[PDB]
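*Asks:* Before we start, here is the structure in question, set down as structure tokens.
Read the figures in this text as sums done on the coordinates, not as results from a lab. Neighbour counts run over all protein chains shown; Cβ positions are idealised from the backbone, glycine included.
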Protein chains: 2
Amino acid sequence: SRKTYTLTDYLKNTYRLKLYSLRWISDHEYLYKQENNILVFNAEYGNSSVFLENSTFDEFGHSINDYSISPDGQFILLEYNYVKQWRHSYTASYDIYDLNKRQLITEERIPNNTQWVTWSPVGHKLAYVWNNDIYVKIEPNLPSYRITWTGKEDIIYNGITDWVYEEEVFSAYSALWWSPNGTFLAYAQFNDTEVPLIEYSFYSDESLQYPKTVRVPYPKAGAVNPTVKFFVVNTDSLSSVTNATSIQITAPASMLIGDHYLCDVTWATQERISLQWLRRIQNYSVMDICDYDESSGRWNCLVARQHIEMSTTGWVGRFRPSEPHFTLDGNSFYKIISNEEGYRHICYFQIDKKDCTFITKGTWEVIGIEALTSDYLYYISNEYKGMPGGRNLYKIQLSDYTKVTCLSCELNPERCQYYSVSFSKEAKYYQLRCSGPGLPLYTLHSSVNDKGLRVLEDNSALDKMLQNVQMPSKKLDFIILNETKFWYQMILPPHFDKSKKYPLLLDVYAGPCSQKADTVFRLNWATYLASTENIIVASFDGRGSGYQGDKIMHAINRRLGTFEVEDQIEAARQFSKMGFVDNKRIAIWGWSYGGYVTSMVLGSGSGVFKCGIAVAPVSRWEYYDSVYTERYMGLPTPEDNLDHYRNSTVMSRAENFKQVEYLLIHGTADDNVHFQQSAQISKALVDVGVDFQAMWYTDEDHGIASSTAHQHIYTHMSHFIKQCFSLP
Amino acid sequence: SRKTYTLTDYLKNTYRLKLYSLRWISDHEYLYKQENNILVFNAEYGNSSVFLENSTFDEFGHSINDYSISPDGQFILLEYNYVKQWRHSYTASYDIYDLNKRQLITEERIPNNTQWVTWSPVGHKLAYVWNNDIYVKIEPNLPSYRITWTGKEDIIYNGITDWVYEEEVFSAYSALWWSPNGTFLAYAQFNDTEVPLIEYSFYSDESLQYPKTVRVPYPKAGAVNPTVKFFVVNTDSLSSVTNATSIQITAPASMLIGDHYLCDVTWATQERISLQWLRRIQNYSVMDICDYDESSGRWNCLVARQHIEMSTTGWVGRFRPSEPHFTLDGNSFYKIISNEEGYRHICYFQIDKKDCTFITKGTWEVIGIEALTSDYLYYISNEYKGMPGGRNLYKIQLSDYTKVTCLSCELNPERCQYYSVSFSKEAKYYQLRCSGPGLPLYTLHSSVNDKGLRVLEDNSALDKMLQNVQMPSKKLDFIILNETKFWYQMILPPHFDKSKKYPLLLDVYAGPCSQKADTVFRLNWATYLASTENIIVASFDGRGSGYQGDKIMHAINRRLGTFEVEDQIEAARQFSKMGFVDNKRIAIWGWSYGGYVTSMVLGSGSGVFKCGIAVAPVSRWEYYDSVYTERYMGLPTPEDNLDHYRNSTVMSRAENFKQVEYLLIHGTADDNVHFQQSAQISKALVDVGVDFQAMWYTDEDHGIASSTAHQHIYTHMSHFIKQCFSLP
Ligand SMILES: *[C@@H]1O[C@H](CO[C@H]2O[C@@H](C)[C@@H](O)[C@@H](O)[C@@H]2O)[C@@H](O[C@@H]2O[C@H](CO)[C@@H](O)[C@H](O)[C@H]2NC(C)=O)[C@H](O)[C@H]1NC(C)=O
Ligand SMILES: *[C@@H]1O[C@H](CO)[C@@H](O[C@@H]2O[C@H](CO)[C@@H](O)[C@H](O)[C@H]2NC(C)=O)[C@H](O)[C@H]1NC(C)=O
Ligand SMILES: *[C@@H]1O[C@H](CO)[C@@H](O[C@@H]2O[C@H](CO)[C@@H](O)[C@H](O)[C@H]2NC(C)=O)[C@H](O)[C@H]1NC(C)=O
Ligand SMILES: *[C@@H]1O[C@H](CO)[C@@H](O[C@@H]2O[C@H](CO)[C@@H](O)[C@H](O)[C@H]2NC(C)=O)[C@H](O)[C@H]1NC(C)=O
Ligand SMILES: *[C@@H]1O[C@H](CO)[C@@H](O[C@@H]2O[C@H](CO)[C@@H](O)[C@H](O)[C@H]2NC(C)=O)[C@H](O)[C@H]1NC(C)=O
Ligand SMILES: *[C@@H]1O[C@H](CO[C@H]2O[C@@H](C)[C@@H](O)[C@@H](O)[C@@H]2O)[C@@H](O)[C@H](O)[C@H]1NC(C)=O
Ligand SMILES: *[C@@H]1O[C@H](CO)[C@@H](O)[C@H](O)[C@H]1NC(C)=O
Ligand SMILES: *[C@@H]1O[C@H](CO)[C@@H](O)[C@H](O)[C@H]1NC(C)=O
Ligand SMILES: *[C@@H]1O[C@H](CO)[C@@H](O)[C@H](O)[C@H]1NC(C)=O
Ligand SMILES: *[C@@H]1O[C@H](CO)[C@@H](O)[C@H](O)[C@H]1NC(C)=O
Ligand SMILES: *[C@@H]1O[C@H](CO)[C@@H](O)[C@H](O)[C@H]1NC(C)=O
Ligand SMILES: *[C@H]1O[C@H](CO)[C@@H](O)[C@H](O)[C@H]1NC(C)=O
Ligand SMILES: *[C@H]1O[C@H](CO)[C@@H](O)[C@H](O)[C@H]1NC(C)=O
Ligand SMILES: *[C@H]1O[C@H](CO)[C@@H](O)[C@H](O)[C@H]1NC(C)=O
């Protein structure tokens, strides 16, 4: 009976989680920002010298957005004038500071408006992208060599991804890859010549008299995609009297007979590079393994060494083919592939032998491979307790596959069931991040004996303040439909009394391979809704969700907008059954795919929901980008899946919105889910004569993430939900 | 105590006003459509033959949008495939039907996509515009002659106006003018080369995968305007072996020294044409009077016959310089100009004498000159009863200026105080349209003796149905501020009991020279609000309004967004004083300028209003079009009026919205008041953390006038108002 977690608490960020972001630099040391002084810590003993002080750049003259230290400690890269583009891309200006000579490098600098910069993985070589071309600097103070000359704004991209490659395939702006010791620089080249443009108004400061039209090469579903090429250049034989020789590695022939994507590049040795390609119909992929050829000076990709990967029940990978991890000599590698029972497990490959050996099996999936030593492989899985929403670090003995030790399950089972890990340069040490269900807990460990060295952060600061407030609780459980379990989670109000009728808000994402029912600790809008408004905020992972094998995941293949929406409605019904839910007060809300599902649900006239909110929803699949959409729906042609594209829009369900209160919200400068989508919904609802609520956000994009917009939307949503539930 | 006027009554249009739209064809006959048979009526005796039957075109094969009969009765022009553009512009396809030969003209037809068509004023010559060029047809079946070759989409306009000329100067798409007997075709040419474009998304049917970007030459305030040229061509000497000759008529030299507009063209004789020009700073204008010069084949405007008109207190004209009406010999003309007491009266000019003589004076304005015979001039004025919102037909004896007869005041003073008139080809007859405060009443009259011939329509059909419903009443009165009267109107609920506290909705337009307090009979949203919801819907004409002379009209010169908004707030206060108003329930709403004022008012934090709705508001003047904006504000430069442009935005008042409930509504395809404006408001409110309501209308323009959008918005607004007033 103290204060509750209020809307303002969330919005103003009064209760803050501490983190412990460290960047390893050797096998023995790491860096950490402390009161703006980057410090170097000794993994073993824990002592720390100051590496650089908040002082050093008092009079830089510019506000410093980020730093990045050369792998050999000698120089430090300074990032300023940060201007965001899409989710990962941005441009900045850069300056290099010599640490020996305590000075800034004044001549032959990095241009203003640089799109990407990266060090070589050892030493202090530099590669950067400027007006879509790649440049290399051997020494920070020396003149840079030009690698490509073809770069052209919104047409040719060298070393950086276009829109759809950034967002849907690499999850990165960067499209260049150094070889381990820095000899080679590989890069992708993207030709967007015939990719159609999305165009939308941007309004800017009210001083701007005419609105700007932003235009972006963006392939909607079934439209014309970019084409890609791959090159490797030798930075050691750069001339300054000759243009650099870039060596192309063509796609596999099987890929060349139609549209495809380059979807993974991973160096294997100093002279071996592995590449993964994927057909536009994303159920067939091929891996190439290429060796440097001394006498030719090109890259030989032995077809004997190819490895085909495909799926009959859906698409390849969770979102794309998994990345390989090679052994030091690079003759074999481990990779997560789905077994024949449909479960994602670690497989073991020989460069030239065509099959592989699973080194794990079970009714659970490997989340990712984390580290590879000479006789141990470390990975994260959801095996422990057989709960998919959990997350734990395991290690397996390379010389004996039965010897599997769980490195985190036992460490604190009550507080910690969701871990991630960050290893040191050779895995002498590792840092565990526990993120639920208790308050996050960062610790350090040495791999040699798996000894827990010390506690890095434990959020006891926050723990104090939090017993001062009536927090909500989280139940993670499952229900059974057709004797398979489907997990749900519920944020329950403080003093939850199971005999009363609570109003319930269904929190939905439901996208392919999504997981909204997990054991993470979160301070968010739902916390406020439970704590202050006594609303149960529930999420449910139905068909289509991940981490439970392909029978659940691929269940929506080619059939988006069906099973995942019906299972959501079902879950609602089940919650009524549970008894502590007010029947006549169930709501639903979600963002992106979440908004689509919300809308599809509200549109189905199942009468289960009183109302919902869709934020930046997809409304019909022909509008979303090709790489994502087609991965699940294939092509919107009559020979393929046009029928289901058309059978699955929100607008056809417009009529049924007559039975629900609806809130449509969408940022006008949304480059991802275009405003178009919401605009099509409103139109549909107007036409069939349905009242609803609406909200645009001028110049906000898909994040609606700008400070004041963020507060404004949640505020507007809160009022909506309260009035919908008749709370005061 | 029967049924009331409901929201559905308004939206579904259950109670319909009958009209009597007649198109005169001679001095003795007129046409009238009647369950789809155009009939010719005999003005004198009232009998009627059928002129053409709904039958004639049963199997035309196309749906017929409109007709237009050649002045000489021989042919009939048929308009189909109507596709709307802006307020007046559209394109259509056309067919000419021979009435003698009872046939359609099959060869040498009018192209699909014709932008404007018009007959010569006598005979059956044709002029049309296609891809921005002018063509003339001497006979309907003959090949057309090409007049201009320079026409170019969105750049060069021959014979039609660009955006801003259509909307703000000619109130017409058409920019060509026949001489009285059809000898000459005058036309304007518009060069939009450097006029910047407004661009906005259009979404179309949901089948359209990528949104279309509409782009339109549109000069915002202070931006680069179009330039204009004026030509006359002789249609009688057209060749078919020679490109046809267009004599240009340059603007006044005094105009060529800076930006200007052509703002009126009016033929005076068979060989005399009058032109009015206006400087971009719209307080100085010049009239040219041009004669055909047989000897040069050219047009001569003696500088000695020019007539300079200007204003020191504001701009010239109500919205532009008034049109001249010439005597038959074309040596003198009448024109409405403002006198030195500031009142708009009819002035009498001699082509070459530099002064003019007022033929009316008084504390009232002439609304317009209607007809001119050899010894009588007919006009509409707001003189009767000294009420500006009234409207009556007067006639003045040309031979004696003291002999002024009021032709309509007395006809039915109780039912009729707002008249318009339509004269026959020589003013032998005239049709009065009474439009308030009673139900509209159309009658016919002969001018010879001013005898009322018969009643054409009296809406008794509607009168019947209307006593079956509890209608509201309208009070028209004034209040006094600084011993001048300012008029208000109130739509009062049925059984209005002056001792109760009613909730009040302030209906605002407030634009320069506007009039929202008049005696017209209207069936609209306000009727519903009064009748069914017992809300007083009030309007108030404050400073800036028209028809009361320049001291009231010009009061907001260079100072938009001040006096007109403060007077609106004042009026609200006055209504509280009246005693029958609920203090804590005053609302305000308006559209366009009306939305601007509403917003400015809500933003002033006068605490008088609980809430308001802005539909397609102007938010800052730099966004609206040049011709309108500058007419009142001048140029947004530091040497001129930049300061007041900046001191008068809605967004700077954002903070004060914290004290009111707000609804922002705007059509996304608004080519007039661009969506941009509302987008800037929302952004401002978000940034300062103010909650509000919003609604966009996908693909609707400034009218929000499409059938389903129209119903949807008024519905959405109604809920808003009801909840704001706590009404069931
Ligand atoms: C952190 O301190 C260590 C030294 O402190 C530890 O030495 C161990 C041998 C052990 O006995 C332990 O109890 C003790 O606390 C620093 O190691 C140093 O490294 C460099 C040589 O490269 C030198 O500066 C020191 O001479 C050397 N110490 C020893 C005794 O070997 C280490 O530098 C420091 N780390 C930082 C950056 O804070
Ligand atoms: C990047 O842009 C900046 C800012 O526009 C440039 O800054 C100017 O640099 C020169 C130094 O000789 C001076 O003329 C000015 O004093 C600078 N302006 C400021 C505010 O510092 C800069 O030159 C550009 N840098 C690079 C790497 O080209
Ligand atoms: C980094 O790896 C590269 C690639 O193997 C090494 O470069 C080779 O060096 C040896 C000489 O010791 C030669 O056999 C090859 O000709 C080199 N490859 C070429 C042509 O690039 C290099 O030794 C490694 N280390 C460095 C130089 O940092
Ligand atoms: C319309 O008026 C025009 C001129 O106002 C008349 O034609 C001109 O005037 C006289 C009379 O025919 C001639 O001397 C000229 O040759 C004519 N000008 C030209 C070349 O067009 C014409 O008579 C009138 N037509 C009608 C319908 O009455
Ligand atoms: C049109 O209006 C302008 C602006 O109101 C008038 O010019 C102002 O008046 C006097 C005399 O020119 C000056 O002291 C001001 O500096 C003027 N202001 C500006 C910005 O022009 C002008 O008199 C009017 N008539 C015209 C076009 O001659
Ligand atoms: C209408 O009638 C005209 C006939 O003239 C006589 O009409 C009688 C009704 C009567 O009033 C007499 O005074 C008139 O002299 C005829 O000539 C017109 O052409 C007719 N018009 C039409 C369109 O039918
Ligand atoms: C390198 O390539 C560019 C473009 O092809 C060319 O203009 C430039 O001259 C070349 N430089 C040398 C050294 O040949
Ligand atoms: C990929 O999936 C599509 C759609 O079901 C189908 O046409 C094809 O058989 C699949 N191809 C392969 C190689 O699995
Ligand atoms: C054609 O007009 C006459 C009016 O007298 C009417 O009787 C007939 O039914 C009409 N048809 C239409 C379409 O109104
Ligand atoms: C105009 O359009 C229709 C449809 O394309 C065509 O059949 C017709 O003949 C066209 N001709 C004209 C009127 O120029
Ligand atoms: C008339 O004008 C146009 C454009 O200047 C020219 O191309 C055409 O050849 C001319 N022809 C005639 C018919 O005189
Ligand atoms: C950053 O500067 C100093 C340098 O050592 C650091 O100790 C301190 O905590 C920070 N300075 C302050 C007091 O803000
Ligand atoms: C069993 O599967 C789902 C849940 O997985 C269930 O709701 C459905 O009714 C059954 N089968 C189907 C989808 O035909
Ligand atoms: C009279 O005009 C307005 C009308 O309310 C008022 O604001 C003003 O104070 C009065 N007088 C003067 C001197 O402006």
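*Asks:* Would you please give the FRET efficiency between residue B:361 and residue B:88, computed as 1/(1 + (r/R0)^6) with r the Cβ-Cβ distance and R0 = 25 Å, to the nearest 0.05?
*Replies:* So, using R0 = 25 Å, E works out to roughly 0.10.
*Asks:* Right, something else. Given a Förster distance of 56 angstrom, what is the FRET efficiency for residue A:98 paired with residue A:401, based on the Cβ-Cβ distance and rounded to 0.05?
*Replies:* With a Förster radius of 56 Å, E is 0.70.
*Asks:* What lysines sit close enough to residue A:354 to cross-link, taking a C-alpha to C-alpha distance under 17 Å and skipping anything fewer than 8 places away on the same chain?
*Replies:* Within the straight-line limit of under 17 Å, residue A:354 reaches these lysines: A:335.
*Asks:* Segment B:478-563: which trypsin sites (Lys or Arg not before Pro) are DSSP loop and have at most 11 other beta-carbon atoms within 10 angstrom?
*Replies:* B:498
*Asks:* Sticking with this one: Please express the Cα-Cα pair-distance distribution P(r) of segment A:579-675 as a list of whole percents, one per 5 Å bin, running from 0 to the bin with the greatest distance.
*Replies:* Calculated P(r), rounded to whole percents: 3, 13, 21, 21, 16, 13, 7, 3, 1, 0.
*Asks:* Would you mind calculating the relative contact order of segment A:471-728 from Cα pairs under 8 angstrom and at least 6 residues apart, reporting the percent as a whole number?
*Replies:* So the answer I get is 15 percent.
*Asks:* Give me the one-decimal nm value for the distance between modelled label points at residue B:706 and residue A:577, 7 Å along each residue's Cα-to-Cβ direction.
*Replies:* 4.4
*Asks:* What gaps in nm, shortest first, separate residue B:522 from its twins in the other copies when you place the label 7 Å past Cα toward the beta carbon?
*Replies:* Inter-copy label distances (nm, one decimal, shortest first): 5.0.
*Asks:* Which whole-Hz ³J(HN,Hα) couplings does segment A:637-650 yield from phi under the Karplus relation 6.51 cos²θ - 1.76 cosθ + 1.60, θ = phi - 60°, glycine and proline marked x?
*Replies:* 10, x, 6, 10, 10, 3, 4, 5, 3, 6, 7, 10, 7, 6
*Asks:* Apply the Karplus curve 6.51 cos²θ - 1.76 cosθ + 1.60, θ = phi - 60°, to the phi angles in segment B:454-459 and return the couplings in whole Hz, x for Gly and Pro.
*Replies:* For segment B:454-459, the Karplus curve yields 7, 8, 7, 7, 9, 6 Hz.
*Asks:* Let me ask you something else. For chain B, what is the calculated [θ] at 222 nm in deg cm²/dmol (nearest 500), taking -39500 (n - 2.57) for each run of four or more DSSP H residues and dividing by its residue count?
*Replies:* Computed mean residue ellipticity for chain B: -4000 deg cm²/dmol.
*Asks:* When every alpha-carbon pair in the protein assembly as shown is counted, what percent end up more than 53 Å apart?
*Replies:* 41
*Asks:* When Cβ neighbours within 10 Å are restricted to other protein chains, what is their mean count per residue of peptide B:192-205?
*Replies:* Details: counts 0, 0, 0, 0, 2, 2, 3, 7, 5, 10, 1, 8, 2, 2.
Counting Cβ atoms of other protein chains within 10 Å of each residue's Cβ and averaging gives 3.
*Asks:* With viscosity set to 1.306 mPa s and temperature to 10 °C, compute the Stokes-Einstein D of segment B:460-595, Rh being the Kirkwood radius across alpha carbon pairs; µm²/s, no decimals.
*Replies:* 102
*Asks:* May I ask you to sort B:26, A:63 by Cβ crowding, counting other Cβ atoms within 10 Å and putting the fewest first?
*Replies:* Numbers: B:26 14, A:63 9.
Exposure proxy ranking, most exposed first: A:63, B:26.
*Asks:* Still on this structure: Give me the net charge for the shell around residue B:42: Cβ to Cβ below 13 angstrom, other residues only, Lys and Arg +1, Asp and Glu -1.
*Replies:* -1
*Asks:* Related question: In nm, what does the list of distances from residue B:121 to its counterparts in the other copies look like, shortest first, when each label sits 7 Å along Cα to Cβ?
*Replies:* Sorted ascending, the copy-to-copy spacings read 8.7 nm.
*Asks:* When B:695, A:255 are ordered from fewest to most other Cβ atoms inside 10 Å of their Cβ, what list results?
*Replies:* A:255, B:695
*Asks:* Next question, about the same structure. What is segment B:130-237's relative contact order, in percent, from Cα pairs under 8 angstrom and six or more apart in sequence?
*Replies:* Dividing the mean separation by the residue count of segment B:130-237 yields 23 percent.
*Asks:* Ok, one more. Which value, in debye to the nearest 20, describes the size of the charge dipole of chain B about its Cα centre when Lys and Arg Cβ atoms bear +1, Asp and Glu Cβ atoms bear -1, and nothing else is charged?
*Replies:* That gives chain B a dipole magnitude of about 2240 debye.
*Asks:* Quote the charge dipole size of the protein assembly as shown about the Cα centre in Debye, to the nearest 20; the model charges only the Cβ of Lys and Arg (+1) and of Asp and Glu (-1). It would help to have the intermediate numbers written out before the result.
*Replies:* On the way: 134 positive and 166 negative charges, 904 e Å.
The calculation lands at about 4340 debye.
*Asks:* For segment B:370-385, what does the Karplus curve 6.51 cos²θ - 1.76 cosθ + 1.60, with θ = phi - 60°, yield as ³J(HN,Hα) per residue in whole Hz, taken in order and with x for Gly and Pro?
*Replies:* For segment B:370-385, the Karplus-derived couplings read 9, 8, 9, 9, 5, 9, 10, 10, 9, 8, 9, 9, 9, 6, 2, 6 Hz, x marking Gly and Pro.
*Asks:* Continuing with this model, one more query. Roughly how many whole Å is it from the C-alpha centroid of segment B:678-725 to that of segment A:186-221?
*Replies:* 28
*Asks:* What GluC sites (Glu not before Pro) in segment A:1-98 are in a loop by DSSP, with at most 16 other Cβ atoms within 10 Å of the Cβ?
*Replies:* A:35, A:44, A:53, A:59
*Asks:* Using a Förster distance of 51 angstrom, determine the FRET efficiency expected from the C-beta separation of residue A:6 and residue B:193, and round it to 0.05.
*Replies:* Given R0 = 51 Å and the Cβ-Cβ separation, E is 0.30.
*Asks:* While we're on this one: For chain B, just run the numbers: alpha carbon Rg, then divide by 2.2 N^0.38 Å, N being how many residues it has. The partial results should precede the final answer.
*Replies:* Values: Rg = 26.4 Å, N = 728, 2.2 N^0.38 = 26.9 Å.
Expressed relative to 2.2 N^0.38 Å, the Cα Rg reads 0.98.
*Asks:* Then there's this: Can you give me the long-range amide H partners of residue B:376? Hydrogens built in the peptide plane at 1.01 Å from N, cutoff under 5 Å, separation of 5 or more residues or another chain.
*Replies:* HN-HN under 5 Å from residue B:376: B:398.
*Asks:* What residues qualify as long-range amide H neighbours of residue B:260, i.e. H under 5 Å apart, gap of 5 or more or another chain, H built at 1.01 Å from N?
*Replies:* Result for residue B:260 returns B:280.
*Asks:* Indicate the gyration tensor shape class of segment A:222-341 (rounded, prolate or oblate), computed on the Cα atoms with a ≥ b ≥ c the square roots of the eigenvalues: a/c under 1.5 is rounded; otherwise a/b larger than b/c is prolate and the rest oblate. Don't jump to the answer; show the numbers that get you there.
*Replies:* Details: a/c = 2.46, a/b = 1.48, b/c = 1.66.
Judged from the Cα gyration tensor, segment A:222-341 comes out oblate (a/c at least 1.5, b/c at or above a/b).
*Asks:* Mind listing the long-range amide H neighbours of residue B:200? Cut-off is under 5 Å, sequence gap 5 or more, other chains count too, H placed in the peptide plane at 1.01 Å from N.
*Replies:* For residue B:200, the qualifying residues are B:214.
*Asks:* Which of the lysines could a cross-linker bridge to residue A:498, judged by Cα under 29 Å and excluding same-chain residues fewer than eight apart?
*Replies:* A:3, A:385, A:464, A:474, A:475, A:485, A:516, A:577, A:584, A:610, A:722
*Asks:* Let me confirm one metric for peptide B:614-623, namely the mean number of other chain beta-carbon atoms within 10 Å of its residues' beta-carbons.
*Replies:* Rounded to a whole number, the mean comes out at 1.
*Asks:* Using only alpha carbon pairs under 8 Å that are at least six residues apart, calculate the relative contact order of chain A and give it in whole percent. Kindly include the intermediate steps, with their values, before the conclusion.
*Replies:* Working: 1665 pairs, mean separation 62.7, N = 728.
Relative contact order here is 9 percent.
*Asks:* What are the nm distances, shortest first, from residue A:33 to its equivalents in the other copies, labels at 7 Å along Cα→Cβ?
*Replies:* Copy-to-copy label distances for residue A:33: 7.1 nm.
*Asks:* Could you pull out the GluC sites (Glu not before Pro) across segment B:589-667 that fall in loop regions by DSSP (anything but H, G, I, E, B) with no more than 12 other Cβ atoms inside 10 Å?
*Replies:* For GluC sites (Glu not before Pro) across segment B:589-667 that sit outside H, G, I, E and B with at most 12 neighbouring Cβ atoms in 10 Å, the list reads B:639.
*Asks:* Ok, one more. Averaged over peptide B:210-216, how many Cβ atoms belonging to another chain are found within 10 Å of each residue's Cβ?
*Replies:* Values: counts 11, 9, 1, 6, 0, 1, 0.
Mean partner shielding for this stretch: 4.
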